Amino acid sequence: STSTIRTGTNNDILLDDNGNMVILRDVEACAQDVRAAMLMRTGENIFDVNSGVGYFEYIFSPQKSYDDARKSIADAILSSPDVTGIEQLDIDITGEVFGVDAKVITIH
Amino acid sequence: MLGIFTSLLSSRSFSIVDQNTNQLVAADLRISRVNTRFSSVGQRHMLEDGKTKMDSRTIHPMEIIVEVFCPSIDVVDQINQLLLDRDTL
Amino acid sequence: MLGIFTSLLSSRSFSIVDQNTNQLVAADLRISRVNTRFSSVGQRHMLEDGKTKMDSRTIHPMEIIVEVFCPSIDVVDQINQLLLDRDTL
Amino acid sequence: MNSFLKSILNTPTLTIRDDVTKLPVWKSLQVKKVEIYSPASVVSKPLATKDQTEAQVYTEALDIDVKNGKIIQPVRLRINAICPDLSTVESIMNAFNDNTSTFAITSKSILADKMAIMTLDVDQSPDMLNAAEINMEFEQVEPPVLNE
Amino acid sequence: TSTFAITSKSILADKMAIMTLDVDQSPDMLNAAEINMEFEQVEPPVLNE
Amino acid sequence: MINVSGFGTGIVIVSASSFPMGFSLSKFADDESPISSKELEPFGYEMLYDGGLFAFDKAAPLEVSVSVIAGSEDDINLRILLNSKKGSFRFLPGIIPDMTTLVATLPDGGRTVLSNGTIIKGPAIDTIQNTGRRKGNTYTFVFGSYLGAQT
Amino acid sequence: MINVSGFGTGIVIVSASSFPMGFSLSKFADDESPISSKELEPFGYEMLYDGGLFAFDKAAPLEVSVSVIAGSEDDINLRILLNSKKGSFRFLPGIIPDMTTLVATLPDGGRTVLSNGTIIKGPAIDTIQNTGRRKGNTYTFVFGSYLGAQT
Amino acid sequence: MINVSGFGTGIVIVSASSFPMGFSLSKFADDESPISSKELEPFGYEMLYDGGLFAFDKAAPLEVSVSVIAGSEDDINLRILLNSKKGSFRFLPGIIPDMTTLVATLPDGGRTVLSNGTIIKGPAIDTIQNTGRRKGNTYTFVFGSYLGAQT
């Protein structure tokens, strides 16, 4: 049963109306954790390093094949607890947009 | 085979349902052939006079082999997750 | 395969050169196919949690299978001598 | 049949990298077939069950027993290719002979990692006078367990 | 526990139990399924006086 | 009398991705058969060991082939359809480019709604015959839905 | 009125090593088809076990064949192309003599740019028919690109 | 105009042991093709798993077949050549009776120098047709050297 502090789109601790910290559990907590994990560049953990998405070696670079980017994103999604797998992972490329869509099948 | 008159023109044939959470998995597989082979072993025991008593029978586990086409990478990854999934029947 | 520009219209493909005395042996066999199959063995070790460490790898000796046509009896005798030759590589 | 018009996220380009150096090895290795076998092993003997218990207290025990009674065997690939150059074949033979060798084969969309050569067959026949058919088999040394 | 009596064209093989059972579902037999069963004699028909 | 003439037959081919609106075939070949379908076989039989018979269903594709004049607009559109890989399109539980051919056979009103299929084969380049006139181009489609005939 | 004639067709064959500047085929044969290509099959279908259909991509070669008059300069050039072993040239990531045939079909302007290919088979010697006139020589190439067609 | 006539063609067949000086074929058959050659196939193509194409060399024999009038001196000489077992001669690094055919195809001076070969098959006895005229005899040779053409 995952649980996480409530954060806004600015990725900062967002409090409630009474000035407390909200602890989301299960589905919403897992969704927020997945969104936060997909925004972490590789080599940003002093205590994991090899964890994180390849935003500068697989994406944003003249990479021949985006299968490595797909694998890195899949690993980042699966790294979150209670994720099990991914039902669908679209890696569509627009003119200058790297559109990624996930269909996580988290156990909750 | 017959036994059920669904009377419905959209019935799905194959279904791999996760027993816990009761959910479809790998729903985009294009199955082609399925072989659900059983197995069991006898205990033939020759004895004295020309004769052989088979004793009892032990039911070996069922094997099922599914040939399929995976159309998409996410389906292939779902199959890999099924193989790596050691905690669900 | 490519790698070497012989620039020679009479290059020889197959040679069995005796390592000692450096001499051609059975210089007349008409080769038809060669399969140089390698081999090596893994050491799959299951370990507690569902996983399996291969450990190290052993380099088993290579083998060559050559299909030939012998047009001459002296060539047949030479091949028999090769088989009976236990002292030269 | 324009084969340079490959898909973007499912490109059919086999790329054998080298884990130590992170560089594509054995390029110009036209690949004719790739088969990836991933076996496992399940219980053979009947598991015991302790019934006359409750909902969800039997379920978790059964889940543990199931996770307890299945063992995964490593992945293996069998790439059938056609080497056009002697340099690639010399490199393949040397890499096979070398005891320490871990590579990362990336198929169409498969990213098998930490793979070592188990079998190398080079067939030279009168119908392929230049180049020669090659059959390589790889096996996974260790599954890609995430080193925290 | 299962004993049957298979009677072919003229055989009356008796005391016979199933060893193997294969059910094959193929795209060329959409209805029905091809079955391949094997039987073994548990006990020859020794005449119980 | 029964009129079996094929004049006035028209085809409308509408594709999922290549031609959402579809195109029309009206220019058919002068030597090859304009429309030719392989014998559909939706049933099969087996023989029992007592000499009996058993009848069952089997998978039956409809292999249709349309012949068009070399160089025409219909030929250009069919070549465009042929030269369009299935890997470059998005996927749905349906068929990757699931194109349908609405066939109006003679002005009597016979409409065939062949659908749920793909294109299989066709000529990439025009073949110049011995006579010096370019051979008509025959393109083969396969379909899995073969119902909808009226009148 | 569609003109499906073949007069005025020209071919320009440019090879990577043998003929870097390329030669021109204009003297086509009179008994054999001057240009003939096998039915391209870039798709395939398979049957699911519930009667459905599945469509996928396959590898498709272009087996083109051009026929020329025995003894002509085009025939001599094609024989020179045929009698050129692939083992006597440098390797590049491209095909060993990657030869392309630019086909200008009729003065209308239909240009086909079949490329990434090589010659496969052809007659090494001239065969004399029963009637006493040398048979036309048909050389077959195979290609891995059928795209570039115009008009 | 192009003269593709076959009249005046001469063949000189010289064998290593049976006919060291060689003999001449000039009386060709009137019903069968005087010279017929199977299409040489010195290259092959293979398909990669990405749809690409690979072109390689393959072994290619030249199968020639010459037809002569039954009962002629050329027929008798060819029968002598056929009824000569390879095991009755001595051996060299070369082939057992190396027989070469110099083909003067016309007064043009084609000068085909097919060599490195041997006879394979032919008729042992003359067959009498329905019409009562003895059928022309076709003898097939195989060769491994197929270069030397001039003009």
# chains A, B, ... in the order shown; residues from 1 in each chain; ligands from 1
>>> residues_around(residues="residue G:103", least_positions_apart="3", cutoff="10 Å", atoms="only C-alpha atoms", output="list in words")
residues 125 of chain F; 9, 10, 11, 12, 13, 24, 25, 100, 106, 109, 110, 111, 112, 113, 114 and 149 of chain G
>>> select_by_dssp(residues="stretch 7-98 of chain G", states="strand (DSSP E)", output="list in words")
residues 10, 11, 12, 13, 14, 23, 24, 25, 35, 36, 37, 43, 44, 45, 46, 47, 53, 54, 55, 56, 57, 62, 63, 64, 65, 66, 67 and 68 of chain G
>>> residues_around(residues="residue H:46", least_positions_apart="2", cutoff="10 Å", atoms="only C-alpha atoms", output="ChimeraX atom specification")
/D:30,32,82 /G:59,61 /H:44,48-49,51-56
>>> interface_residues(of="chain G", to="chain C", cutoff="9 Å", atoms="only C-alpha atoms", output="PDB file with C-alpha atoms, in the first residue's frame")
ATOM      1  CA  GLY G  87      34.328 -10.999 -54.650  1.00  0.00           C
ATOM      2  CA  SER G  88      36.515  -8.695 -56.756  1.00  0.00           C
ATOM      3  CA  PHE G  89      35.288  -5.354 -55.361  1.00  0.00           C
ATOM      4  CA  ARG G  90      35.540  -3.380 -52.144  1.00  0.00           C
ATOM      5  CA  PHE G  91      32.986  -3.745 -49.370  1.00  0.00           C
TER       6      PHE G  91
END
>>> residues_around(residues="residue H:93", least_positions_apart="6", cutoff="12 Å", atoms="only C-alpha atoms", output="number ranges by chain")
C: 26-30, 70-72, 75
>>> write_last_selection(atoms="C-alpha atoms", output="PDB file, in the first residue's frame")
ATOM      1  CA  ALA C  26      46.400 -34.218 -49.588  1.00  0.00           C
ATOM      2  CA  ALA C  27      46.826 -31.358 -52.043  1.00  0.00           C
ATOM      3  CA  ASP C  28      44.294 -32.919 -54.410  1.00  0.00           C
ATOM      4  CA  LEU C  29      41.046 -33.362 -52.415  1.00  0.00           C
ATOM      5  CA  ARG C  30      38.045 -31.748 -54.118  1.00  0.00           C
ATOM      6  CA  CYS C  70      38.695 -38.148 -53.532  1.00  0.00           C
ATOM      7  CA  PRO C  71      39.472 -38.733 -57.226  1.00  0.00           C
ATOM      8  CA  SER C  72      42.601 -40.819 -56.606  1.00  0.00           C
ATOM      9  CA  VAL C  75      44.496 -39.460 -51.997  1.00  0.00           C
TER      10      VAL C  75
END
>>> interface_residues(of="chain G", to="chain D", cutoff="6 Å", atoms="only C-alpha atoms", output="MDAnalysis selection string")
chainID G and resid 60 87 144:145
>>> calpha_fit_and_write(fixed="chain B", moving="chain C", output="short mmCIF file (atom, residue, chain, number, x, y, z; two decimals) with N, CA and C atoms, in the first residue's frame")
data_model
loop_
_atom_site.label_atom_id
_atom_site.label_comp_id
_atom_site.auth_asym_id
_atom_site.auth_seq_id
_atom_site.Cartn_x
_atom_site.Cartn_y
_atom_site.Cartn_z
N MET C 1 -16.45 -26.05 -29.90
CA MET C 1 -17.42 -27.13 -29.99
C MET C 1 -18.82 -26.66 -29.63
N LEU C 2 -19.83 -27.50 -29.88
CA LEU C 2 -21.17 -27.13 -29.45
C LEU C 2 -21.28 -27.32 -27.94
N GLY C 3 -22.38 -26.82 -27.38
CA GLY C 3 -22.71 -26.98 -25.98
C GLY C 3 -23.45 -25.75 -25.51
N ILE C 4 -23.18 -24.63 -26.17
CA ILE C 4 -23.59 -23.32 -25.70
C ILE C 4 -24.06 -22.49 -26.89
N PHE C 5 -25.33 -22.09 -26.88
CA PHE C 5 -25.86 -21.11 -27.84
C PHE C 5 -25.61 -19.71 -27.31
N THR C 6 -24.51 -19.12 -27.76
CA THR C 6 -24.20 -17.74 -27.40
C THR C 6 -25.26 -16.78 -27.94
N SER C 7 -25.72 -17.01 -29.17
CA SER C 7 -26.63 -16.09 -29.86
C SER C 7 -26.06 -14.68 -29.87
N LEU C 8 -24.74 -14.59 -30.03
CA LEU C 8 -24.00 -13.34 -29.98
C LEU C 8 -23.01 -13.35 -31.12
N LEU C 9 -23.00 -12.28 -31.92
CA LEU C 9 -22.16 -12.21 -33.10
C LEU C 9 -20.79 -11.60 -32.81
N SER C 10 -20.44 -11.44 -31.53
CA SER C 10 -19.15 -10.88 -31.15
C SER C 10 -18.51 -11.63 -29.99
N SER C 11 -18.61 -12.96 -29.97
CA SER C 11 -18.04 -13.72 -28.86
C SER C 11 -16.52 -13.82 -28.98
N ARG C 12 -15.85 -13.76 -27.83
CA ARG C 12 -14.39 -13.85 -27.78
C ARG C 12 -13.97 -15.28 -27.49
N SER C 13 -12.99 -15.77 -28.24
CA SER C 13 -12.56 -17.15 -28.07
C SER C 13 -11.58 -17.29 -26.91
N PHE C 14 -10.41 -16.66 -27.02
CA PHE C 14 -9.32 -16.88 -26.09
C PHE C 14 -9.30 -15.80 -25.03
N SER C 15 -9.11 -16.20 -23.77
CA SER C 15 -8.97 -15.24 -22.69
C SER C 15 -7.94 -15.75 -21.70
N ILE C 16 -7.00 -14.89 -21.32
CA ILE C 16 -6.11 -15.16 -20.20
C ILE C 16 -6.50 -14.22 -19.07
N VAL C 17 -7.39 -14.67 -18.20
CA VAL C 17 -7.90 -13.85 -17.11
C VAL C 17 -7.04 -14.09 -15.88
N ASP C 18 -6.43 -13.03 -15.36
CA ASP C 18 -5.68 -13.17 -14.12
C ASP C 18 -6.63 -13.56 -13.00
N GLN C 19 -6.30 -14.65 -12.30
CA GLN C 19 -7.24 -15.19 -11.31
C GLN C 19 -7.49 -14.20 -10.19
N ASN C 20 -6.44 -13.56 -9.68
CA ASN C 20 -6.61 -12.45 -8.76
C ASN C 20 -6.81 -11.17 -9.55
N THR C 21 -7.67 -10.30 -9.02
CA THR C 21 -8.07 -9.01 -9.60
C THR C 21 -8.99 -9.20 -10.81
N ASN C 22 -9.12 -10.43 -11.29
CA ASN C 22 -10.06 -10.79 -12.36
C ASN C 22 -9.99 -9.79 -13.52
N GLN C 23 -8.83 -9.73 -14.16
CA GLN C 23 -8.60 -8.79 -15.24
C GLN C 23 -8.08 -9.52 -16.47
N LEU C 24 -8.50 -9.06 -17.64
CA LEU C 24 -7.96 -9.57 -18.89
C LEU C 24 -6.48 -9.21 -19.01
N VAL C 25 -5.71 -10.13 -19.57
CA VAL C 25 -4.27 -9.95 -19.73
C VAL C 25 -3.90 -10.27 -21.17
N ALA C 26 -3.11 -9.39 -21.79
CA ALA C 26 -2.72 -9.53 -23.18
C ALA C 26 -3.95 -9.74 -24.06
N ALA C 27 -4.85 -8.77 -24.00
CA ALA C 27 -6.14 -8.86 -24.67
C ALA C 27 -6.05 -8.61 -26.16
N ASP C 28 -4.85 -8.68 -26.72
CA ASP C 28 -4.63 -8.35 -28.12
C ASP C 28 -3.93 -9.45 -28.91
N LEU C 29 -3.34 -10.45 -28.26
CA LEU C 29 -2.68 -11.55 -28.96
C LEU C 29 -3.58 -12.14 -30.04
N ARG C 30 -2.99 -12.43 -31.20
CA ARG C 30 -3.73 -13.07 -32.28
C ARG C 30 -3.41 -14.56 -32.24
N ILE C 31 -4.29 -15.34 -31.61
CA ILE C 31 -4.05 -16.77 -31.45
C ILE C 31 -4.17 -17.47 -32.79
N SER C 32 -3.47 -18.60 -32.93
CA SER C 32 -3.48 -19.34 -34.19
C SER C 32 -3.74 -20.82 -33.97
N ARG C 33 -3.36 -21.35 -32.80
CA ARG C 33 -3.59 -22.75 -32.48
C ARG C 33 -3.33 -22.98 -31.00
N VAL C 34 -4.12 -23.86 -30.40
CA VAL C 34 -3.99 -24.22 -28.99
C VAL C 34 -4.03 -25.73 -28.86
N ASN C 35 -3.05 -26.30 -28.16
CA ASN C 35 -3.02 -27.73 -27.86
C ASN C 35 -2.96 -27.90 -26.35
N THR C 36 -4.04 -28.39 -25.75
CA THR C 36 -4.10 -28.61 -24.31
C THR C 36 -3.90 -30.10 -24.04
N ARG C 37 -2.64 -30.51 -23.97
CA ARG C 37 -2.33 -31.92 -23.79
C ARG C 37 -2.28 -32.28 -22.30
N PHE C 38 -3.01 -33.33 -21.95
CA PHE C 38 -3.01 -33.88 -20.60
C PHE C 38 -1.86 -34.89 -20.49
N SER C 39 -1.78 -35.56 -19.34
CA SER C 39 -0.76 -36.58 -19.13
C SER C 39 -1.09 -37.34 -17.86
N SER C 40 -0.72 -38.62 -17.85
CA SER C 40 -0.86 -39.47 -16.67
C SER C 40 0.03 -40.69 -16.88
N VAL C 41 0.40 -41.32 -15.78
CA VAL C 41 1.42 -42.38 -15.78
C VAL C 41 0.84 -43.63 -15.14
N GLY C 42 1.05 -44.77 -15.78
CA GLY C 42 0.71 -46.05 -15.21
C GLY C 42 1.88 -46.69 -14.49
N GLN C 43 1.57 -47.72 -13.71
CA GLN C 43 2.52 -48.39 -12.83
C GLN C 43 2.54 -49.88 -13.12
N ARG C 44 2.76 -50.22 -14.39
CA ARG C 44 2.89 -51.60 -14.84
C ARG C 44 3.82 -52.39 -13.93
N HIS C 45 3.28 -53.46 -13.34
CA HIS C 45 4.01 -54.35 -12.45
C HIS C 45 3.82 -55.77 -12.96
N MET C 46 4.84 -56.33 -13.58
CA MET C 46 4.80 -57.75 -13.89
C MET C 46 4.79 -58.54 -12.59
N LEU C 47 4.15 -59.71 -12.63
CA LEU C 47 3.96 -60.46 -11.39
C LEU C 47 3.91 -61.95 -11.68
N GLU C 48 5.01 -62.65 -11.37
CA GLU C 48 5.07 -64.10 -11.40
C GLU C 48 4.58 -64.67 -12.73
N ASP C 49 3.34 -65.14 -12.75
CA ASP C 49 2.72 -65.62 -13.97
C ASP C 49 2.60 -64.49 -14.98
N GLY C 50 2.66 -64.84 -16.26
CA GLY C 50 2.60 -63.83 -17.29
C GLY C 50 1.32 -63.03 -17.18
N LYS C 51 1.48 -61.81 -16.68
CA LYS C 51 0.41 -60.88 -16.33
C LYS C 51 1.11 -59.61 -15.86
N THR C 52 0.35 -58.52 -15.80
CA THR C 52 0.92 -57.26 -15.35
C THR C 52 -0.18 -56.38 -14.78
N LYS C 53 -0.08 -56.09 -13.49
CA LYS C 53 -1.03 -55.21 -12.82
C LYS C 53 -0.58 -53.76 -12.94
N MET C 54 -1.49 -52.90 -13.38
CA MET C 54 -1.17 -51.49 -13.55
C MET C 54 -1.06 -50.74 -12.23
N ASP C 55 -1.61 -51.29 -11.15
CA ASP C 55 -1.67 -50.62 -9.85
C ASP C 55 -2.49 -49.34 -10.03
N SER C 56 -2.04 -48.19 -9.54
CA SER C 56 -2.83 -46.96 -9.56
C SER C 56 -2.39 -46.07 -10.71
N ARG C 57 -2.94 -44.85 -10.76
CA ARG C 57 -2.62 -43.90 -11.80
C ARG C 57 -2.39 -42.53 -11.18
N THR C 58 -1.37 -41.83 -11.67
CA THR C 58 -1.04 -40.49 -11.21
C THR C 58 -1.42 -39.47 -12.27
N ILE C 59 -2.09 -38.40 -11.85
CA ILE C 59 -2.58 -37.36 -12.75
C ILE C 59 -1.50 -36.29 -12.85
N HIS C 60 -0.64 -36.41 -13.86
CA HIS C 60 0.39 -35.41 -14.09
C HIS C 60 -0.25 -34.09 -14.54
N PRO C 61 0.43 -32.97 -14.30
CA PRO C 61 -0.17 -31.67 -14.63
C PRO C 61 -0.40 -31.51 -16.13
N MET C 62 -1.49 -30.83 -16.46
CA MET C 62 -1.83 -30.53 -17.84
C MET C 62 -0.93 -29.42 -18.38
N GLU C 63 -0.77 -29.40 -19.70
CA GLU C 63 0.00 -28.37 -20.37
C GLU C 63 -0.80 -27.81 -21.53
N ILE C 64 -0.60 -26.52 -21.80
CA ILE C 64 -1.21 -25.85 -22.93
C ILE C 64 -0.09 -25.23 -23.75
N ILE C 65 -0.13 -25.43 -25.06
CA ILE C 65 0.78 -24.77 -25.99
C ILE C 65 -0.04 -23.90 -26.92
N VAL C 66 0.24 -22.60 -26.91
CA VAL C 66 -0.49 -21.61 -27.68
C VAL C 66 0.47 -20.99 -28.68
N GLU C 67 0.11 -21.04 -29.95
CA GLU C 67 0.82 -20.29 -30.98
C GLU C 67 0.09 -18.98 -31.19
N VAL C 68 0.83 -17.87 -31.16
CA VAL C 68 0.23 -16.55 -31.26
C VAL C 68 1.05 -15.69 -32.19
N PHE C 69 0.44 -14.60 -32.64
CA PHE C 69 1.13 -13.50 -33.29
C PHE C 69 0.96 -12.27 -32.42
N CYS C 70 2.08 -11.64 -32.08
CA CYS C 70 2.07 -10.38 -31.35
C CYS C 70 2.22 -9.26 -32.36
N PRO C 71 1.19 -8.42 -32.54
CA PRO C 71 1.33 -7.28 -33.45
C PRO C 71 1.88 -6.03 -32.80
N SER C 72 2.04 -6.00 -31.48
CA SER C 72 2.46 -4.78 -30.80
C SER C 72 3.54 -5.06 -29.76
N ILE C 73 4.42 -4.07 -29.62
CA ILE C 73 5.54 -4.15 -28.69
C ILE C 73 5.05 -4.20 -27.26
N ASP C 74 3.97 -3.48 -26.95
CA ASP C 74 3.40 -3.58 -25.61
C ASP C 74 2.88 -4.98 -25.34
N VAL C 75 2.36 -5.67 -26.36
CA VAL C 75 1.95 -7.06 -26.19
C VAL C 75 3.16 -7.95 -25.94
N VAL C 76 4.26 -7.71 -26.66
CA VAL C 76 5.47 -8.48 -26.41
C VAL C 76 5.95 -8.28 -24.97
N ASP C 77 5.94 -7.03 -24.51
CA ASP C 77 6.33 -6.74 -23.13
C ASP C 77 5.39 -7.39 -22.13
N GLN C 78 4.09 -7.40 -22.43
CA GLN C 78 3.13 -8.06 -21.55
C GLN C 78 3.42 -9.55 -21.45
N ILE C 79 3.75 -10.18 -22.58
CA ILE C 79 4.05 -11.61 -22.57
C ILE C 79 5.31 -11.88 -21.76
N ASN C 80 6.33 -11.03 -21.93
CA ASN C 80 7.53 -11.16 -21.11
C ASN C 80 7.21 -11.01 -19.63
N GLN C 81 6.30 -10.08 -19.30
CA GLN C 81 5.88 -9.92 -17.91
C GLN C 81 5.15 -11.15 -17.40
N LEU C 82 4.35 -11.79 -18.25
CA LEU C 82 3.71 -13.05 -17.87
C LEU C 82 4.76 -14.10 -17.54
N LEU C 83 5.78 -14.21 -18.38
CA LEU C 83 6.83 -15.20 -18.13
C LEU C 83 7.57 -14.89 -16.84
N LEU C 84 7.82 -13.61 -16.57
CA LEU C 84 8.53 -13.19 -15.37
C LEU C 84 7.61 -13.07 -14.16
N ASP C 85 6.32 -13.35 -14.32
CA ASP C 85 5.35 -13.21 -13.24
C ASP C 85 5.29 -14.52 -12.48
N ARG C 86 5.88 -14.54 -11.28
CA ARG C 86 5.95 -15.75 -10.47
C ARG C 86 4.89 -15.79 -9.38
N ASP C 87 4.03 -14.78 -9.30
CA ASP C 87 3.17 -14.64 -8.13
C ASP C 87 1.68 -14.62 -8.45
N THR C 88 1.29 -14.82 -9.70
CA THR C 88 -0.11 -14.83 -10.08
C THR C 88 -0.38 -16.05 -10.95
N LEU C 89 -1.52 -16.69 -10.72
CA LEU C 89 -1.96 -17.80 -11.55
C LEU C 89 -3.03 -17.28 -12.50
#
